[PDB]
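The structure file my_file28.csv is reproduced below (CSV, C-alpha atoms and all ligand atoms).
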chain,number,residue,atom,x,y,z
D,1,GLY,CA,-5.2,-10.7,21.4
D,2,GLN,CA,-4.1,-10.3,17.8
D,3,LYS,CA,-0.9,-8.6,16.5
D,4,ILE,CA,-1.5,-6.3,13.6
D,5,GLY,CA,1.0,-4.4,11.5
D,6,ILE,CA,0.2,-1.2,9.8
D,7,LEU,CA,2.5,0.4,7.2
D,8,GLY,CA,2.9,3.6,5.2
D,9,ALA,CA,5.7,4.5,2.8
D,10,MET,CA,6.1,8.1,4.2
D,11,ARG,CA,5.9,9.7,7.6
D,12,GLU,CA,3.1,11.8,6.2
D,13,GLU,CA,1.0,8.6,5.6
D,14,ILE,CA,1.3,7.2,9.1
D,15,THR,CA,1.1,10.3,11.3
D,16,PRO,CA,-2.7,10.5,10.6
D,17,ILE,CA,-2.9,6.9,11.7
D,18,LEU,CA,-1.1,7.3,15.0
D,19,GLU,CA,-3.4,10.4,15.6
D,20,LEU,CA,-6.7,8.5,14.9
D,21,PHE,CA,-5.7,5.6,17.2
D,22,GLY,CA,-4.9,8.0,20.0
D,23,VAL,CA,-3.1,5.5,22.3
D,24,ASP,CA,0.4,5.8,24.0
D,25,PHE,CA,2.9,4.4,21.5
D,26,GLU,CA,6.2,2.8,22.5
D,27,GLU,CA,8.9,3.6,20.0
D,28,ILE,CA,11.3,0.7,19.1
D,29,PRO,CA,14.0,1.5,16.5
D,30,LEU,CA,15.2,-1.4,14.2
D,31,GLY,CA,16.9,-1.6,10.9
D,32,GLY,CA,16.6,2.1,10.1
D,33,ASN,CA,12.9,2.2,11.0
D,34,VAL,CA,11.0,3.3,14.0
D,35,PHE,CA,8.2,1.0,15.1
D,36,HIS,CA,5.3,2.4,17.2
D,37,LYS,CA,4.0,-0.4,19.4
D,38,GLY,CA,0.9,0.3,21.4
D,39,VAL,CA,-2.3,-1.4,22.4
D,40,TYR,CA,-5.9,-0.7,21.2
D,41,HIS,CA,-9.1,-2.5,22.0
D,42,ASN,CA,-7.2,-5.5,23.0
D,43,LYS,CA,-5.2,-5.6,19.8
D,44,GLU,CA,-1.5,-5.1,19.7
D,45,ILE,CA,-0.7,-2.7,16.8
D,46,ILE,CA,2.7,-2.0,15.3
D,47,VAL,CA,2.8,1.0,13.1
D,48,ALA,CA,5.6,2.4,10.8
D,49,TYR,CA,6.6,4.1,7.6
D,50,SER,CA,9.0,2.1,5.5
D,51,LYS,CA,10.5,4.9,3.4
D,52,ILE,CA,10.2,4.9,-0.3
D,53,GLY,CA,10.7,2.0,-2.7
D,54,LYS,CA,10.9,-1.8,-3.0
D,55,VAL,CA,14.0,-2.3,-0.9
D,56,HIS,CA,12.7,-0.1,2.0
D,57,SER,CA,9.1,-1.6,1.9
D,58,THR,CA,10.5,-5.2,1.7
D,59,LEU,CA,13.0,-4.7,4.6
D,60,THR,CA,10.4,-3.2,7.0
D,61,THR,CA,7.7,-5.8,6.2
D,62,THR,CA,10.2,-8.6,6.9
D,63,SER,CA,11.2,-7.1,10.2
D,64,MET,CA,7.7,-6.4,11.1
D,65,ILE,CA,6.9,-10.1,10.7
D,66,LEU,CA,10.1,-11.8,12.0
D,67,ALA,CA,10.7,-9.4,14.9
D,68,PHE,CA,7.2,-8.4,16.0
D,69,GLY,CA,5.3,-11.5,14.9
D,70,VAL,CA,2.4,-9.5,13.5
D,71,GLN,CA,-0.3,-11.8,12.2
D,72,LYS,CA,-1.9,-9.4,9.7
D,73,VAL,CA,-0.5,-6.5,7.7
D,74,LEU,CA,-2.5,-3.5,6.5
D,75,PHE,CA,-1.0,-0.9,4.2
D,76,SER,CA,-2.2,2.6,3.8
D,77,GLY,CA,-0.7,5.2,1.4
D,78,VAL,CA,-1.2,7.2,-1.7
D,79,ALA,CA,-1.0,6.2,-5.4
D,80,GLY,CA,-1.4,7.4,-9.0
D,81,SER,CA,-4.4,6.7,-11.1
D,82,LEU,CA,-3.9,5.0,-14.5
D,83,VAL,CA,-7.6,4.8,-15.4
D,84,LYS,CA,-10.1,7.6,-15.9
D,85,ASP,CA,-12.8,6.1,-13.6
D,86,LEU,CA,-10.5,6.4,-10.6
D,87,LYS,CA,-10.4,9.9,-9.3
D,88,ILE,CA,-8.3,12.0,-7.0
D,89,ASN,CA,-9.1,11.0,-3.3
D,90,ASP,CA,-10.9,7.9,-4.4
D,91,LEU,CA,-10.2,4.7,-2.4
D,92,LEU,CA,-8.9,1.5,-3.9
D,93,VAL,CA,-8.0,-1.9,-2.5
D,94,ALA,CA,-5.6,-4.1,-4.5
D,95,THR,CA,-6.8,-7.6,-5.5
D,96,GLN,CA,-3.5,-8.4,-7.2
D,97,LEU,CA,-0.2,-6.5,-7.5
D,98,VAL,CA,2.7,-6.7,-9.9
D,99,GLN,CA,6.3,-5.3,-10.1
D,100,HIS,CA,6.1,-3.4,-13.4
D,101,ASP,CA,9.8,-2.7,-13.7
D,102,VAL,CA,11.0,-6.3,-13.6
D,103,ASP,CA,12.5,-7.2,-16.9
D,104,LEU,CA,14.1,-10.5,-17.8
D,105,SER,CA,12.9,-10.3,-21.4
D,106,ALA,CA,16.4,-11.2,-22.5
D,107,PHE,CA,15.7,-14.7,-21.4
D,108,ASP,CA,12.4,-14.6,-23.3
D,109,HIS,CA,10.4,-14.0,-20.1
D,110,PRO,CA,7.2,-12.1,-20.0
D,111,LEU,CA,7.6,-8.7,-18.4
D,112,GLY,CA,7.2,-8.7,-14.6
D,113,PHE,CA,8.1,-12.4,-14.3
D,114,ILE,CA,11.0,-13.7,-12.2
D,115,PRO,CA,12.0,-17.4,-12.2
D,116,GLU,CA,10.6,-19.2,-9.2
D,117,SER,CA,8.0,-16.5,-8.7
D,118,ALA,CA,4.8,-15.2,-10.3
D,119,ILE,CA,3.8,-12.1,-12.2
D,120,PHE,CA,0.8,-11.4,-9.9
D,121,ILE,CA,0.7,-11.4,-6.1
D,122,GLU,CA,-2.7,-11.9,-4.4
D,123,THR,CA,-3.9,-10.2,-1.2
D,124,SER,CA,-6.1,-11.4,1.6
D,125,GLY,CA,-9.6,-12.5,0.6
D,126,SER,CA,-11.0,-12.1,4.1
D,127,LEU,CA,-9.4,-8.6,4.5
D,128,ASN,CA,-10.6,-7.4,1.2
D,129,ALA,CA,-14.1,-8.8,2.0
D,130,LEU,CA,-14.0,-6.8,5.3
D,131,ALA,CA,-12.9,-3.7,3.5
D,132,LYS,CA,-15.9,-4.1,1.0
D,133,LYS,CA,-18.4,-4.6,3.8
D,134,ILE,CA,-17.3,-1.5,5.6
D,135,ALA,CA,-17.4,0.6,2.5
D,136,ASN,CA,-21.1,-0.2,2.1
D,137,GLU,CA,-21.8,0.6,5.7
D,138,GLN,CA,-20.6,4.2,5.3
D,139,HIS,CA,-21.6,4.6,1.6
D,140,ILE,CA,-17.9,4.8,0.5
D,141,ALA,CA,-17.2,4.2,-3.2
D,142,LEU,CA,-14.3,1.8,-2.5
D,143,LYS,CA,-12.8,0.4,-5.8
D,144,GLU,CA,-10.9,-2.8,-6.5
D,145,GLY,CA,-8.1,-3.6,-8.9
D,146,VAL,CA,-4.6,-4.5,-9.9
D,147,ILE,CA,-1.8,-2.3,-8.7
D,148,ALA,CA,1.6,-1.9,-10.3
D,149,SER,CA,4.6,-1.2,-8.1
D,150,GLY,CA,8.0,-0.1,-9.4
D,151,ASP,CA,11.0,2.0,-8.3
D,152,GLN,CA,10.1,5.0,-10.5
D,153,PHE,CA,7.6,7.8,-10.0
D,154,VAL,CA,5.3,7.5,-13.0
D,155,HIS,CA,4.8,10.9,-14.7
D,156,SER,CA,4.2,10.2,-18.3
D,157,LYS,CA,1.1,9.3,-20.4
D,158,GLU,CA,3.5,7.0,-22.2
D,159,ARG,CA,4.3,4.8,-19.3
D,160,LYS,CA,0.7,5.1,-18.1
D,161,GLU,CA,-0.4,3.4,-21.3
D,162,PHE,CA,2.3,0.7,-20.9
D,163,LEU,CA,1.0,-0.3,-17.5
D,164,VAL,CA,-2.7,-0.5,-18.4
D,165,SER,CA,-2.1,-2.6,-21.6
D,166,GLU,CA,0.6,-4.9,-20.2
D,167,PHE,CA,-0.8,-5.7,-16.8
D,168,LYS,CA,-4.3,-4.0,-16.8
D,169,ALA,CA,-3.3,-2.1,-13.7
D,170,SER,CA,-5.6,0.6,-12.3
D,171,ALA,CA,-3.1,2.5,-10.1
D,172,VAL,CA,0.6,2.8,-9.9
D,173,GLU,CA,2.7,3.1,-6.7
D,174,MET,CA,6.1,2.0,-5.3
D,175,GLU,CA,5.7,-0.3,-2.3
D,176,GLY,CA,2.6,-2.4,-2.9
D,177,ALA,CA,4.0,-5.5,-4.6
D,178,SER,CA,6.9,-5.7,-2.1
D,179,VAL,CA,4.8,-5.7,1.0
D,180,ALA,CA,2.2,-8.2,-0.5
D,181,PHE,CA,5.0,-10.4,-1.8
D,182,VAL,CA,6.7,-10.8,1.6
D,183,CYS,CA,3.4,-11.4,3.4
D,184,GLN,CA,2.7,-14.1,0.9
D,185,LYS,CA,6.1,-15.8,1.5
D,186,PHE,CA,5.3,-15.9,5.3
D,187,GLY,CA,1.7,-16.8,4.8
D,188,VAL,CA,0.5,-13.5,6.4
D,189,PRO,CA,-2.9,-12.0,5.2
D,190,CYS,CA,-2.2,-8.7,3.6
D,191,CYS,CA,-4.4,-5.8,2.6
D,192,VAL,CA,-3.1,-2.9,0.5
D,193,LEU,CA,-5.1,0.4,0.6
D,194,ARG,CA,-4.3,3.5,-1.4
D,195,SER,CA,-5.9,6.9,-1.9
D,196,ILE,CA,-5.5,8.6,-5.4
D,197,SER,CA,-3.4,11.7,-5.0
D,198,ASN,CA,-2.5,12.3,-8.7
D,199,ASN,CA,-2.9,11.0,-12.3
D,200,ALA,CA,0.6,9.8,-13.0
D,201,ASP,CA,0.7,12.3,-15.9
D,202,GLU,CA,3.1,15.1,-16.6
D,203,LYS,CA,1.4,17.1,-13.9
D,204,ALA,CA,1.7,14.2,-11.5
D,205,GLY,CA,4.6,15.7,-9.5
D,206,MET,CA,2.5,18.8,-8.8
D,207,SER,CA,-0.8,16.9,-8.2
D,208,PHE,CA,1.1,14.8,-5.7
D,209,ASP,CA,2.3,17.5,-3.4
D,210,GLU,CA,-1.1,19.2,-3.2
D,211,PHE,CA,-3.2,16.1,-2.3
D,212,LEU,CA,-0.6,14.3,-0.2
D,213,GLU,CA,-2.3,15.4,3.0
D,214,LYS,CA,-5.9,15.0,2.1
D,215,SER,CA,-5.3,11.6,0.4
D,216,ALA,CA,-3.2,10.3,3.3
D,217,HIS,CA,-6.1,11.1,5.7
D,218,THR,CA,-8.9,9.5,3.6
D,219,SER,CA,-6.7,6.4,3.6
D,220,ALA,CA,-5.9,6.5,7.4
D,221,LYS,CA,-9.5,6.9,8.4
D,222,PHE,CA,-10.9,3.9,6.4
D,223,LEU,CA,-8.1,1.7,7.7
D,224,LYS,CA,-8.8,2.6,11.3
D,225,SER,CA,-12.4,1.5,10.6
D,226,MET,CA,-11.1,-1.9,9.5
D,227,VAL,CA,-8.9,-2.3,12.6
D,228,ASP,CA,-12.1,-1.5,14.7
D,229,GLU,CA,-14.0,-4.3,12.9
D,230,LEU,CA,-11.1,-6.8,13.5
I,301,LIG,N1,2.4,8.2,-9.8
I,301,LIG,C1,3.1,7.5,-9.0
I,301,LIG,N2,4.1,6.7,-9.4
I,301,LIG,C2,4.9,5.9,-8.5
I,301,LIG,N3,4.5,6.1,-7.1
I,301,LIG,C3,3.5,6.9,-6.7
I,301,LIG,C4,2.8,7.6,-7.6
I,301,LIG,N4,1.9,8.4,-7.0
I,301,LIG,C5,2.1,8.1,-5.7
I,301,LIG,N5,3.1,7.2,-5.5
I,301,LIG,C6,3.5,6.8,-4.1
I,301,LIG,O1,3.7,7.8,-3.1
I,301,LIG,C7,5.1,8.0,-3.1
I,301,LIG,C8,5.7,8.9,-4.2
I,301,LIG,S1,7.5,9.3,-4.1
I,301,LIG,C9,7.4,10.8,-2.9
I,301,LIG,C10,8.5,11.8,-3.2
I,301,LIG,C11,8.5,13.0,-2.2
I,301,LIG,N6,7.9,14.2,-2.7
I,301,LIG,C12,10.0,13.4,-1.9
I,301,LIG,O2,10.6,14.0,-2.8
I,301,LIG,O3,10.5,13.0,-0.8
I,301,LIG,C13,5.7,6.6,-3.1
I,301,LIG,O4,5.7,6.1,-1.8
I,301,LIG,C14,4.7,5.8,-4.0
I,301,LIG,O5,4.3,4.6,-3.5
What does the file become when written as C-alpha cells?
Ligand SMILES: Nc1ncnc2c1ncn2[C@@H]1O[C@H](CSCC[C@H](N)C(=O)O)[C@@H](O)[C@H]1O
Amino acid sequence: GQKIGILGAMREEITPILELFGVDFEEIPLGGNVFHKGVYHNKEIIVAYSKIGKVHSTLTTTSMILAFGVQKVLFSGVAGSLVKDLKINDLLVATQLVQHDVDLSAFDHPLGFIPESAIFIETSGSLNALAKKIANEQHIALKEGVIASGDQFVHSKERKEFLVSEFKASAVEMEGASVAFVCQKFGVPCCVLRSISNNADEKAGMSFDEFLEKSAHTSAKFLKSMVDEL
C-alpha cells in the first residue's frame, strides 16, 4: 500500500525502468515534467526524469512529494568516477552527498556550506541496508561513498582532484545532493543509486555517450530488485 517515487535525470535513465516494471502507466504532466503513475505488486509507483541539474531535480522531487505524496524516493542514473577503484559500469550507493559548487568563501565559510544548512546530506539507513543485502544475494560488487553534485559536467583531472581532497567524494554527478536534500527537508527516506559511465576526465564527454545505455540499464535493474524487496 506504499507510495514510491523513482527518479532519473534523463529520459534515457528511466525508460529501462518503465520497461522492467512492465505495467500500464498513467501519464500526468505537472510543472514541465511527465509523471508515470502505475501500480505494481500492490505498491503505487510514480516514475519520472527530472531533466538535468539542481533546479530541475529539486523541482521534480518537491512536486513528487507534495503532489503525489510518495513515501520513499529512489534515484537511478549515471555518474563519473573520481577514484580509481570505481570502474565503468560499477554500482554505487551514496551514503552522504554534497553540493560541490556552493561557494560562500567570501564570508569565510567552508566550501559547500550554506548558512542554515549542512555540507553533507545523509541518505536512508534502511534503504542503503536493503541495497547492501540485495547486492550480496546476487553477488554484485555494490560500492558505497560520498557523491558530489554540482551544475557542471566534470571533465578535468584538475577538478577531479579538487573534489577528492576537499570532500573525499568518490563519484560526481549533477542531481544527487538536490534530491537527497529535499527528501531530508520533508523527512522522506531517500536512496541514490548511480552507475559509472565515465571517469570525469578529459575523455569524459566521449566516455559518457558510449556507456550511457549500458550504465542506465545496470542501474535500472538493481533498483527494480529493491522495489521488489520493498
Ligand atoms: N562527470 C560528470 N560530471 C557531472 N555530471 C555527470 C558526470 N557524469 C555523469 N553525470 C550525470 O549524467 C548527466 C550528464 S549531462 C548529459 C548531457 C547530454 N549528453 C546532453 O548533451 O543532453 C547528468 O544528469 C549528471 O548527473
Counting all atoms listed in the file, which of D:154, D:83, D:220, D:226 gets nearest to ligand LIG 301 (chain I)?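 The answer is D:154, which sits nearest to ligand LIG 301 (chain I).
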Can you build me a table of chain D residues sitting at most 7 Å from ligand LIG 301 (chain I), with the closest atom pair per residue and its distance in Å to one decimal, using only C-alpha atoms and all ligand atoms, sorted by chain and residue number, as a Markdown table?
| residue | atom | partner | partner_atom | distance |
| --- | --- | --- | --- | --- |
| D:9 | CA | I:LIG301 | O4 | 4.9 |
| D:10 | CA | I:LIG301 | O4 | 6.3 |
| D:52 | CA | I:LIG301 | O4 | 4.9 |
| D:53 | CA | I:LIG301 | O4 | 6.5 |
| D:77 | CA | I:LIG301 | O1 | 6.8 |
| D:78 | CA | I:LIG301 | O1 | 5.1 |
| D:79 | CA | I:LIG301 | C5 | 3.6 |
| D:80 | CA | I:LIG301 | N1 | 4.0 |
| D:150 | CA | I:LIG301 | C2 | 6.8 |
| D:152 | CA | I:LIG301 | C2 | 5.6 |
| D:153 | CA | I:LIG301 | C2 | 3.6 |
| D:154 | CA | I:LIG301 | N2 | 3.9 |
| D:155 | CA | I:LIG301 | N1 | 6.1 |
| D:172 | CA | I:LIG301 | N2 | 5.3 |
| D:173 | CA | I:LIG301 | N3 | 3.5 |
| D:174 | CA | I:LIG301 | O5 | 3.6 |
| D:175 | CA | I:LIG301 | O5 | 5.2 |
| D:197 | CA | I:LIG301 | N4 | 6.6 |
| D:198 | CA | I:LIG301 | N4 | 6.1 |
| D:199 | CA | I:LIG301 | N1 | 6.5 |
| D:200 | CA | I:LIG301 | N1 | 4.0 |
| D:204 | CA | I:LIG301 | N1 | 6.3 |
| D:208 | CA | I:LIG301 | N4 | 6.6 |
| D:209 | CA | I:LIG301 | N6 | 6.5 |
Using C-alpha atoms, can you export the residues from the last selection as a compact mmCIF listing (two decimals), keeping the file's coordinate frame?
# COMPACT_ATOMS: atom_id res chain seq x y z
CA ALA D 9 5.70 4.50 2.80
CA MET D 10 6.10 8.10 4.20
CA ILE D 52 10.20 4.90 -0.30
CA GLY D 53 10.70 2.00 -2.70
CA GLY D 77 -0.70 5.20 1.40
CA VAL D 78 -1.20 7.20 -1.70
CA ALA D 79 -1.00 6.20 -5.40
CA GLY D 80 -1.40 7.40 -9.00
CA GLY D 150 8.00 -0.10 -9.40
CA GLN D 152 10.10 5.00 -10.50
CA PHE D 153 7.60 7.80 -10.00
CA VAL D 154 5.30 7.50 -13.00
CA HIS D 155 4.80 10.90 -14.70
CA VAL D 172 0.60 2.80 -9.90
CA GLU D 173 2.70 3.10 -6.70
CA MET D 174 6.10 2.00 -5.30
CA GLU D 175 5.70 -0.30 -2.30
CA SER D 197 -3.40 11.70 -5.00
CA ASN D 198 -2.50 12.30 -8.70
CA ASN D 199 -2.90 11.00 -12.30
CA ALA D 200 0.60 9.80 -13.00
CA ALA D 204 1.70 14.20 -11.50
CA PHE D 208 1.10 14.80 -5.70
CA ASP D 209 2.30 17.50 -3.40
Distance criterion (all atoms listed in the file): nearest to residue 45 (chain D) out of D:98, D:59, D:64, D:190: D:64
Quick one: of D:110, D:145, D:22, D:176, who's nearest to residue 36 (chain D), counting only C-alpha atoms?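 Going through D:110, D:145, D:22, D:176 one by one, the smallest distance to residue 36 (chain D) is for D:22.
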A straight line from CA of residue 18 (chain D) to CA of residue 216 (chain D) spans 12.3 Å
Skip residue 23 (chain D) itself and residues of its chain fewer than 3 positions away, then list as a PDB file with C-alpha atoms, keeping the file's coordinate frame all residues within 7 Å of it, counting all atoms listed in the file.
ATOM      1  CA  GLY D  38       0.900   0.300  21.400  1.00  0.00           C
ATOM      2  CA  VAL D  39      -2.300  -1.400  22.400  1.00  0.00           C
ATOM      3  CA  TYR D  40      -5.900  -0.700  21.200  1.00  0.00           C
TER       4      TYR D  40
END
Residue among D:14, D:118, D:131, D:86 lying closest to residue 177 (chain D), counting all atoms listed in the file: D:118
Taking only C-alpha atoms into account, which of D:180, D:114, D:140, D:134 comes nearest residue 7 (chain D)?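 Of D:180, D:114, D:140, D:134, the one nearest residue 7 (chain D) is D:180, counting only C-alpha atoms.
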Of D:48, D:127, D:66, D:17, the one nearest to residue 29 (chain D) when counting all atoms listed in the file is D:48
So the first atom is CA of residue 122 (chain D) and the second is CA of residue 167 (chain D); what is the distance between them in Å, to one decimal place?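 Result for CA of residue 122 (chain D) versus CA of residue 167 (chain D): 14.0 Å, one decimal.
Atom to atom, CA of residue 76 (chain D) and CA of residue 93 (chain D) stand 9.7 Å apart.
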Distance query residue 219 (chain D) at most 10 Å, only C-alpha atoms, self and fewer than 5 positions along chain excluded, as a VMD selection string: chain D and resid 13 to 14 16 to 17 75 to 78 89 to 92 193 to 196 214 224
Got a sec: who's within 6 Å of region 156-166 of chain D, counting all atoms listed in the file, leaving out chain neighbours fewer than 2 positions off, as a PyMOL selection string? chain D and resi 82+168-169+201-202
